[PDB]
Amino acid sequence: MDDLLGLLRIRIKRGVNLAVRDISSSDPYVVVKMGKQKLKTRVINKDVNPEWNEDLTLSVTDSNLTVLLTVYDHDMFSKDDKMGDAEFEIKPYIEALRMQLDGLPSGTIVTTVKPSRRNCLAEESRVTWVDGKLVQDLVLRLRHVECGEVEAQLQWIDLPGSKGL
């Protein structure tokens, strides 16, 4: 609690045109890693366009951290094949959370992160103040695989008793 800024909600929305790692399909799930934390979504059966809509919750004590996202094909009785990976920075979002935004009109775009050679963004990622919440919408193009994107949204949970932002 004495280092905790808050909890980062990562909503893993969907995968789009993921790689085939069975015969004609895959059984994808996502593993999210940050620091010593490792979280997993459920498996979606036989769908390379899986709609996970699954909330993962990480503890954040460090605005300078990176989130790693790796997709795998679940094979019940054998090894799980890699289906690509991506990473993103949380600093822009944490920075934005620390701004004065009570008073900003809903729909206000606080920060835009551009795709670059180094990052995994498939398109510009907006940090938006909307419906009284700050969110970041991400489309991640997966590395180290022949196709696939993962769409995710960042949200924030304040934990009373913590260090806070």
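From 1 onward, residues are counted along the sequence shown.
- Of the two segments examined, 93-101 and 34-42, it is 93-101 that shows the higher average Cα temperature factor in the deposited entry.
- A summary of the deposited B-factors shows that, of 47-55 and 126-134, the stretch with the larger mean C-alpha value is 126-134.
- The PDB entry assigns its highest CA temperature factor, among 26, 64, 116, 70, to 64.
- In the deposited entry, the Cα temperature factor of residue 140 places it in the lowest third of its chain's modelled residues.
- In the deposited entry, the Cα temperature factor of residue 110 sits in the top third of values across the chain's modelled residues.
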